[PDB]
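Participant: So that you have it, the file is target.txt, and it contains compact mmCIF, C-alpha atoms:
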# COMPACT_ATOMS: atom_id res chain seq x y z
CA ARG A 1 31.12 7.93 30.18
CA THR A 2 31.91 10.79 32.58
CA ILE A 3 29.25 13.53 32.75
CA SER A 4 30.02 16.25 30.20
CA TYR A 5 28.88 19.13 32.44
CA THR A 6 29.22 20.17 36.09
CA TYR A 7 27.40 23.15 37.61
CA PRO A 8 29.75 25.64 39.34
CA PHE A 9 29.35 26.32 43.08
CA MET B 1 39.88 22.02 57.29
CA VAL B 2 39.06 18.76 59.13
CA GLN B 3 41.88 16.19 59.04
CA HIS B 4 42.36 12.48 59.75
CA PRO B 5 45.61 10.57 60.39
CA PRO B 6 46.63 7.84 57.94
CA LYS B 7 46.17 4.18 58.76
CA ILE B 8 48.99 1.96 57.51
CA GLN B 9 48.99 -1.77 56.82
CA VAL B 10 52.25 -3.37 55.68
CA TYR B 11 51.77 -6.88 54.31
CA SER B 12 52.60 -9.42 51.60
CA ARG B 13 50.28 -10.65 48.82
CA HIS B 14 50.73 -14.34 49.64
CA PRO B 15 51.78 -16.04 52.91
CA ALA B 16 55.48 -15.10 53.14
CA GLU B 17 58.12 -17.68 52.22
CA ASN B 18 61.86 -17.22 52.69
CA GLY B 19 63.68 -17.36 49.35
CA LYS B 20 60.39 -17.32 47.40
CA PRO B 21 59.16 -14.27 45.40
CA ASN B 22 56.09 -12.42 46.68
CA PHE B 23 54.62 -8.92 46.50
CA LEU B 24 54.97 -6.32 49.25
CA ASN B 25 52.03 -4.00 49.96
CA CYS B 26 51.81 -0.74 51.86
CA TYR B 27 48.12 0.16 52.16
CA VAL B 28 47.46 3.67 53.50
CA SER B 29 43.84 4.61 54.25
CA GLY B 30 41.53 7.04 56.03
CA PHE B 31 43.78 10.08 55.60
CA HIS B 32 42.85 13.69 54.83
CA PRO B 33 44.07 15.83 53.22
CA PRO B 34 45.30 13.95 50.10
CA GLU B 35 48.92 15.16 50.17
CA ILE B 36 51.08 12.24 51.30
CA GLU B 37 54.53 10.70 50.84
CA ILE B 38 54.46 6.89 50.92
CA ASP B 39 57.62 4.87 50.28
CA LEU B 40 58.57 1.23 50.74
CA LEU B 41 61.96 0.71 52.36
CA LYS B 42 64.39 -2.20 52.13
CA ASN B 43 66.96 -2.04 54.96
CA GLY B 44 65.99 1.62 55.40
CA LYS B 45 66.73 2.37 51.73
CA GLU B 46 63.98 3.38 49.26
CA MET B 47 62.41 0.84 46.89
CA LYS B 48 61.22 1.03 43.29
CA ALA B 49 57.48 0.59 43.84
CA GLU B 50 54.23 1.58 42.12
CA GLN B 51 51.38 3.70 43.44
CA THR B 52 47.67 3.30 42.79
CA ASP B 53 45.56 6.27 41.67
CA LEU B 54 44.11 8.54 44.38
CA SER B 55 40.66 7.54 45.61
CA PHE B 56 38.51 7.97 48.71
CA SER B 57 36.02 6.18 50.95
CA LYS B 58 32.38 6.93 51.81
CA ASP B 59 33.41 9.32 54.62
CA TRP B 60 35.58 11.20 52.07
CA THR B 61 38.84 9.94 53.63
CA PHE B 62 41.46 8.89 51.07
CA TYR B 63 43.14 5.54 50.50
CA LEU B 64 46.25 4.69 48.51
CA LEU B 65 48.29 1.54 47.85
CA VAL B 66 52.00 1.40 47.09
CA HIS B 67 53.27 -2.00 46.00
CA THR B 68 56.28 -3.88 44.65
CA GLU B 69 57.52 -7.45 44.27
CA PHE B 70 60.03 -8.75 46.81
CA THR B 71 61.73 -11.86 48.15
CA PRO B 72 61.25 -12.45 51.92
CA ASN B 73 64.63 -12.96 53.55
CA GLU B 74 65.98 -13.91 56.99
CA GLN B 75 68.59 -11.14 56.61
CA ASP B 76 66.43 -8.38 55.05
CA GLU B 77 64.20 -5.79 56.73
CA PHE B 78 61.19 -4.15 55.13
CA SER B 79 59.39 -0.95 56.08
CA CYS B 80 56.96 1.70 54.93
CA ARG B 81 57.60 5.40 55.46
CA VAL B 82 54.55 7.67 55.53
CA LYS B 83 54.92 11.45 55.65
CA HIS B 84 51.70 13.44 56.10
CA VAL B 85 50.59 16.88 57.35
CA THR B 86 48.94 15.44 60.48
CA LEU B 87 52.00 13.47 61.61
CA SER B 88 54.67 15.47 63.46
CA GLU B 89 57.29 13.09 62.04
CA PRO B 90 57.24 10.40 59.30
CA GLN B 91 55.50 7.18 60.39
CA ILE B 92 57.54 3.97 59.96
CA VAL B 93 55.65 0.68 60.10
CA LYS B 94 57.90 -2.37 59.78
CA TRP B 95 56.79 -5.49 57.91
CA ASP B 96 55.74 -8.54 59.89
CA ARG B 97 55.26 -11.78 57.96
CA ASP B 98 53.05 -13.47 60.59
CA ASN B 99 50.49 -10.62 60.44
CA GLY C 1 22.76 -8.74 42.46
CA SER C 2 23.53 -5.04 41.98
CA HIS C 3 26.26 -3.46 39.84
CA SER C 4 27.70 0.02 40.25
CA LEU C 5 29.33 2.73 38.16
CA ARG C 6 31.03 5.54 40.11
CA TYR C 7 33.47 8.35 39.40
CA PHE C 8 35.65 10.03 42.02
CA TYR C 9 36.96 13.55 41.53
CA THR C 10 39.58 15.21 43.71
CA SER C 11 40.53 18.88 43.40
CA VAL C 12 43.46 20.13 45.47
CA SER C 13 44.59 23.75 45.39
CA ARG C 14 48.37 24.05 45.47
CA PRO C 15 49.28 27.59 46.56
CA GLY C 16 52.29 29.04 44.78
CA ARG C 17 52.99 25.55 43.50
CA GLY C 18 51.21 26.24 40.26
CA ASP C 19 47.61 25.63 39.32
CA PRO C 20 45.56 23.10 41.32
CA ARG C 21 45.64 19.32 40.79
CA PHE C 22 42.78 17.33 39.27
CA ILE C 23 42.37 13.56 39.64
CA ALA C 24 39.60 11.39 38.20
CA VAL C 25 39.15 7.68 38.87
CA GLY C 26 36.27 5.45 37.79
CA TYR C 27 35.07 2.23 39.36
CA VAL C 28 32.76 -0.48 38.12
CA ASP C 29 31.64 -2.43 41.15
CA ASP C 30 34.94 -2.95 42.99
CA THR C 31 37.14 -2.72 39.86
CA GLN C 32 38.93 0.42 38.66
CA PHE C 33 38.66 0.90 34.90
CA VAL C 34 39.78 4.50 34.21
CA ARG C 35 42.15 7.18 35.55
CA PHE C 36 43.16 10.81 35.01
CA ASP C 37 45.85 12.92 36.69
CA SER C 38 46.43 16.58 35.77
CA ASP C 39 50.03 16.30 37.03
CA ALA C 40 50.80 13.26 34.84
CA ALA C 41 52.60 14.04 31.57
CA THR C 42 50.21 12.04 29.35
CA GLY C 43 47.38 14.61 29.39
CA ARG C 44 44.93 11.75 28.88
CA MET C 45 42.29 9.52 30.45
CA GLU C 46 43.93 6.10 30.71
CA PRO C 47 42.60 2.52 30.98
CA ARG C 48 43.23 0.82 34.34
CA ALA C 49 41.66 -2.49 33.30
CA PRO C 50 42.61 -4.81 30.37
CA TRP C 51 39.01 -5.11 29.09
CA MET C 52 39.08 -1.35 28.46
CA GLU C 53 41.75 -1.53 25.72
CA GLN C 54 38.80 -2.70 23.60
CA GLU C 55 37.63 0.92 23.31
CA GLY C 56 39.08 3.05 20.51
CA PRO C 57 40.69 6.53 20.36
CA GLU C 58 37.24 8.14 19.88
CA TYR C 59 36.30 6.99 23.38
CA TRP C 60 39.37 8.47 25.06
CA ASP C 61 39.79 11.97 23.62
CA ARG C 62 36.10 12.38 24.49
CA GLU C 63 36.87 11.11 28.01
CA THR C 64 39.97 13.31 28.19
CA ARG C 65 38.07 16.30 26.78
CA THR C 66 35.32 16.19 29.43
CA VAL C 67 37.80 15.59 32.23
CA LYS C 68 39.88 18.56 31.01
CA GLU C 69 36.96 21.04 30.94
CA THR C 70 35.86 19.61 34.31
CA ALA C 71 39.35 20.36 35.69
CA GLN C 72 38.82 23.98 34.58
CA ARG C 73 35.36 24.26 36.13
CA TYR C 74 36.75 22.77 39.36
CA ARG C 75 39.66 25.26 39.24
CA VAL C 76 37.11 28.10 39.46
CA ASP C 77 35.03 26.33 42.13
CA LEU C 78 38.14 26.19 44.34
CA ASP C 79 38.25 30.02 44.36
CA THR C 80 34.48 30.26 44.90
CA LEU C 81 34.65 28.05 48.01
CA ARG C 82 37.62 30.09 49.24
CA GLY C 83 35.34 33.14 48.93
CA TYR C 84 32.40 31.50 50.75
CA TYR C 85 34.50 30.32 53.70
CA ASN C 86 36.65 33.51 53.85
CA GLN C 87 39.85 31.48 53.42
CA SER C 88 43.26 32.79 52.33
CA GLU C 89 45.41 31.58 49.44
CA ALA C 90 48.13 30.26 51.80
CA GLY C 91 46.26 27.06 52.76
CA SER C 92 45.70 24.04 50.51
CA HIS C 93 42.08 23.00 50.04
CA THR C 94 40.33 19.88 48.77
CA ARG C 95 36.97 19.49 47.04
CA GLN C 96 35.60 16.05 46.25
CA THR C 97 32.87 14.79 43.97
CA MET C 98 31.52 11.29 43.74
CA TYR C 99 28.67 10.36 41.42
CA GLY C 100 27.32 7.32 39.64
CA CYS C 101 24.60 4.72 39.51
CA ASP C 102 23.48 1.35 40.85
CA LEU C 103 21.53 -1.04 38.63
CA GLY C 104 19.38 -4.07 39.41
CA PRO C 105 18.83 -7.29 37.39
CA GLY C 106 16.51 -5.16 35.26
CA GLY C 107 19.39 -3.08 33.92
CA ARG C 108 17.13 -0.17 34.82
CA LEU C 109 18.40 2.40 37.37
CA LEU C 110 18.26 1.16 40.96
CA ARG C 111 19.80 4.24 42.59
CA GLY C 112 21.74 7.40 41.62
CA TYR C 113 24.37 9.48 43.42
CA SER C 114 25.88 12.97 43.11
CA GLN C 115 27.63 14.35 46.19
CA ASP C 116 30.32 16.90 46.99
CA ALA C 117 32.69 17.56 49.88
CA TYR C 118 34.92 20.40 51.00
CA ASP C 119 38.02 19.92 53.15
CA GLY C 120 36.80 16.44 54.17
CA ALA C 121 33.22 17.33 55.08
CA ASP C 122 29.85 17.11 53.34
CA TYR C 123 29.09 20.10 51.16
CA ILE C 124 26.18 19.22 48.89
CA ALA C 125 24.42 15.97 47.98
CA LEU C 126 21.61 15.08 45.61
CA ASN C 127 18.79 13.33 47.45
CA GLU C 128 17.53 9.85 46.53
CA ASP C 129 14.43 11.43 44.95
CA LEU C 130 16.94 12.98 42.48
CA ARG C 131 15.02 16.29 42.55
CA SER C 132 16.18 17.93 45.79
CA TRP C 133 19.43 18.98 47.48
CA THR C 134 20.96 18.50 50.92
CA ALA C 135 23.33 21.35 51.78
CA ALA C 136 25.49 20.81 54.88
CA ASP C 137 26.27 24.40 55.93
CA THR C 138 25.07 27.85 54.84
CA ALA C 139 27.91 28.20 52.32
CA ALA C 140 26.60 25.06 50.62
CA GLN C 141 23.11 26.58 50.91
CA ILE C 142 24.29 29.32 48.49
CA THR C 143 25.28 26.78 45.82
CA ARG C 144 21.93 25.06 46.44
CA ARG C 145 19.92 28.17 45.52
CA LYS C 146 21.98 28.71 42.36
CA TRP C 147 21.64 25.03 41.46
CA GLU C 148 17.85 25.13 41.98
CA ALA C 149 17.62 28.25 39.80
CA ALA C 150 19.84 26.60 37.16
CA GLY C 151 17.84 23.34 37.16
CA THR C 152 20.92 21.21 37.83
CA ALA C 153 19.02 18.29 39.41
CA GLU C 154 17.05 17.69 36.21
CA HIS C 155 20.31 17.58 34.23
CA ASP C 156 21.87 15.20 36.75
CA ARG C 157 18.78 12.97 37.08
CA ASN C 158 18.90 12.77 33.28
CA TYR C 159 22.56 11.72 33.13
CA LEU C 160 22.02 9.22 35.95
CA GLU C 161 18.82 7.64 34.67
CA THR C 162 20.10 7.53 31.10
CA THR C 163 23.77 7.93 30.22
CA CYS C 164 25.12 6.39 33.44
CA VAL C 165 23.17 3.11 33.13
CA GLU C 166 23.85 2.63 29.39
CA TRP C 167 27.61 2.76 29.84
CA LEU C 168 27.39 0.63 32.98
CA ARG C 169 25.73 -2.10 30.87
CA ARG C 170 28.32 -1.48 28.16
CA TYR C 171 31.27 -1.78 30.57
CA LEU C 172 29.71 -4.90 32.07
CA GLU C 173 29.72 -6.62 28.67
CA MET C 174 33.29 -5.48 27.92
CA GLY C 175 34.58 -6.91 31.20
CA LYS C 176 31.99 -9.69 31.58
CA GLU C 177 34.71 -12.36 31.88
CA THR C 178 35.93 -10.92 35.22
CA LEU C 179 33.33 -8.40 36.47
CA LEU C 180 30.67 -11.11 36.73
CA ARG C 181 33.29 -13.65 37.80
CA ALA C 182 33.23 -14.41 41.52
CA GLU C 183 36.41 -15.03 43.52
CA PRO C 184 35.98 -17.13 46.69
CA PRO C 185 38.39 -16.32 49.59
CA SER C 186 41.38 -18.48 50.51
CA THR C 187 40.81 -19.34 54.15
CA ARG C 188 43.41 -20.37 56.72
CA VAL C 189 43.66 -19.90 60.49
CA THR C 190 46.82 -18.91 62.40
CA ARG C 191 48.02 -19.11 66.02
CA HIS C 192 50.24 -16.59 67.83
CA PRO C 193 50.85 -16.74 71.62
CA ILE C 194 50.42 -13.62 73.78
CA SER C 195 51.01 -15.05 77.26
CA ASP C 196 51.65 -18.33 79.09
CA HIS C 197 47.84 -18.67 79.20
CA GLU C 198 46.56 -16.77 76.12
CA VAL C 199 46.86 -17.09 72.32
CA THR C 200 45.67 -15.19 69.22
CA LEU C 201 43.77 -17.18 66.62
CA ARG C 202 43.46 -15.42 63.26
CA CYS C 203 40.98 -16.12 60.46
CA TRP C 204 42.41 -15.26 57.04
CA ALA C 205 40.48 -14.50 53.86
CA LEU C 206 42.70 -14.25 50.79
CA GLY C 207 42.29 -13.18 47.16
CA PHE C 208 38.52 -12.69 46.99
CA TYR C 209 36.25 -10.43 44.91
CA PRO C 210 34.21 -8.45 45.44
CA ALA C 211 35.29 -6.70 48.66
CA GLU C 212 32.06 -7.50 50.55
CA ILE C 213 32.80 -10.36 52.95
CA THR C 214 31.90 -11.39 56.51
CA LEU C 215 34.41 -12.94 58.93
CA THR C 216 32.63 -14.08 62.10
CA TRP C 217 34.14 -15.97 65.03
CA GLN C 218 32.11 -18.17 67.36
CA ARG C 219 32.61 -20.59 70.24
CA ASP C 220 30.23 -23.59 70.58
CA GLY C 221 27.71 -22.17 68.06
CA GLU C 222 27.36 -18.61 69.38
CA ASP C 223 29.31 -15.58 68.13
CA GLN C 224 31.37 -13.32 70.38
CA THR C 225 31.73 -10.07 68.43
CA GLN C 226 32.76 -8.24 71.63
CA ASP C 227 36.15 -9.96 71.71
CA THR C 228 37.19 -9.61 68.06
CA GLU C 229 39.86 -7.49 66.39
CA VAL C 230 39.17 -7.04 62.67
CA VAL C 231 41.16 -5.12 60.02
CA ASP C 232 39.82 -3.00 57.17
CA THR C 233 39.28 -4.98 53.98
CA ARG C 234 42.52 -4.26 52.08
CA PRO C 235 43.73 -4.84 48.48
CA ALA C 236 45.80 -7.93 47.65
CA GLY C 237 47.49 -5.83 44.94
CA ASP C 238 46.30 -7.89 41.98
CA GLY C 239 42.71 -6.61 41.96
CA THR C 240 41.37 -8.90 44.71
CA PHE C 241 41.05 -8.30 48.46
CA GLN C 242 42.07 -9.61 51.89
CA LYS C 243 40.66 -9.35 55.43
CA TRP C 244 41.32 -10.98 58.82
CA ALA C 245 39.63 -11.38 62.21
CA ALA C 246 41.41 -12.32 65.46
CA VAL C 247 40.38 -13.47 68.95
CA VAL C 248 42.27 -13.86 72.24
CA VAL C 249 41.62 -17.40 73.52
CA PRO C 250 43.07 -19.55 76.35
CA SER C 251 46.21 -21.43 75.23
CA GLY C 252 44.44 -24.53 76.55
CA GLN C 253 41.37 -24.27 74.30
CA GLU C 254 41.79 -24.01 70.50
CA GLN C 255 39.24 -26.33 68.85
CA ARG C 256 36.40 -24.74 70.85
CA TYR C 257 36.58 -21.72 68.52
CA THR C 258 35.44 -21.76 64.87
CA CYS C 259 35.65 -19.09 62.15
CA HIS C 260 32.80 -18.54 59.70
CA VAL C 261 33.54 -17.03 56.29
CA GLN C 262 30.67 -15.65 54.21
CA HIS C 263 31.13 -14.46 50.62
CA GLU C 264 29.17 -14.36 47.35
CA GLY C 265 32.09 -16.17 45.67
CA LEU C 266 31.43 -19.24 47.83
CA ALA C 267 28.52 -21.57 47.12
CA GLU C 268 28.16 -22.27 50.85
CA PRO C 269 29.49 -20.24 53.83
CA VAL C 270 32.57 -22.21 54.94
CA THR C 271 33.92 -22.77 58.46
CA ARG C 272 37.56 -23.10 59.62
CA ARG C 273 39.42 -24.32 62.72
CA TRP C 274 43.00 -24.61 64.01
CA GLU C 275 44.79 -27.84 63.08
Using structure tokens, write down the structure that the file contains.
Facilitator:
Amino acid sequence: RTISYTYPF
Amino acid sequence: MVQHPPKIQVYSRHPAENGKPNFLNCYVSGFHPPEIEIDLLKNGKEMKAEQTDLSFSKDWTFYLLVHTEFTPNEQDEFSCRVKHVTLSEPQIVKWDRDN
Amino acid sequence: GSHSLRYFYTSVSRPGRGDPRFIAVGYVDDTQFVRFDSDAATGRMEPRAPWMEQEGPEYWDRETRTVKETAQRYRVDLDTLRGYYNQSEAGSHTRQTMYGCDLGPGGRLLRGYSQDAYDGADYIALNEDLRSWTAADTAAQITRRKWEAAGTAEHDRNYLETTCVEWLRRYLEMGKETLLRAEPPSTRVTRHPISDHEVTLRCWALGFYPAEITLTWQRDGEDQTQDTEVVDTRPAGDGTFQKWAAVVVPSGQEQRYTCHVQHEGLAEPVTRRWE
């Protein structure tokens, strides 16, 4: 499962 | 904005046999950026081939494989055309069975 | 021994050519199982391995959904980077993300990864401790401060230690019949003259999995790695791999050289010679 969240730069 | 030229390997799946079906492979690796035009050519003319999904190595450089089935022939000539931002003109690497 | 789950994101800004392109590919060990392309007309995460067709629709709209909202977040990040590096819209830019986990015979987490790149160079990476950040330049150092304030590493360490390893196990059981299968290389040796007094001997390794292999040449029981041309391990096209190693030898002496092929697919490291 791909990670549901990424933190913007 | 750091760039790297593509590396091209043109080869068959199995040891090439005249008259006998095989698969032709154009493997293009170590290129950046990811824009690229890769085509397999029979007698200079474009081939129906398939392309793998875009992926990259540990050093971030991309690799991509275009492939199709073919029959090795004494009278036929196979090539791979690679157009990329870092090459002044499309790169053409002809197929060699002996490899 | 180990088994790996990794995802590879690529964001490319296409100026005046529409909105940027988003690609996602997933690998288990050396096998690709999933794919996504924003350009493609399906608008869906797609299976790239037969053992994946086991999963239902519930799996994929989830997997599409995350990859879609990730494409959006990465669309913004492209602008942000352009701001940090004082770049113009004219030029096309690439941001990469690779993350995932290694697991040992335990099934417990062996190691975890989460790294980023901009225009082909390190931007930010999560350290092995999974609590600290390595920022390449001072533009990456900005993101690092935000990320520390936002507590991103805890969220990542949590996905990596938990969600990553569960699904890795789960994918391993789904594809057990091939992912734990070992493919030994097909090994031949070839001769090609260069001069009236020199020839090229070439050690072939065909149709093996996984990609990790070792092709050594030696003469009389002592390797000469100074005089060896060796290609990158390439795909056979059917999932497996191929590699070769060559050596310039005197056209008078062929048997004096022996190739040594080492692979996990083989029970015993095998040796070849010209015949």
Participant: With distances taken over all atoms listed in the file, which of C:58, C:74, C:193, C:106 is nearest to residue 8 in chain A?
Facilitator: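 Looking only at the distances to residue 8 in chain A, the closest residue turns out to be C:74.
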Participant: I'd like the contact shell of residue 2 in chain A - 9 Å cut-off, all atoms listed in the file, skipping same-chain residues fewer than 4 positions apart - returned as a ChimeraX atom specification.
Facilitator: /C:7,26,63,66-67,163-164
Participant: For residue 2 in chain B, which of B:46, B:59, B:98, B:39 is the closest residue, counting all atoms listed in the file?
Facilitator: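 Result for the nearest residue to residue 2 in chain B: B:59.
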Participant: What is the CA of residue 63 in chain B-CA of residue 243 in chain C distance in Å, reported with one decimal?
Facilitator: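 Pair CA of residue 63 in chain B / CA of residue 243 in chain C returns 15.9 Å.
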Participant: Taking 3 positions as the minimum chain separation for residues in the same chain, which residues sit within 10 Å of residue 26 in chain B when counting only C-alpha atoms? Answer as a list in words.
Facilitator: residues 8, 9, 10, 11, 12, 29, 38, 39, 40, 49, 51, 64, 65, 66, 67, 68, 79, 80, 81, 82, 93 and 95 of chain B; 234, 235 and 237 of chain C
Participant: From the options C:161, C:254, C:79, C:183, which residue's atoms come nearest to residue 102 in chain C, counting all atoms listed in the file?
Facilitator: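 The closest residue to residue 102 in chain C is C:161.
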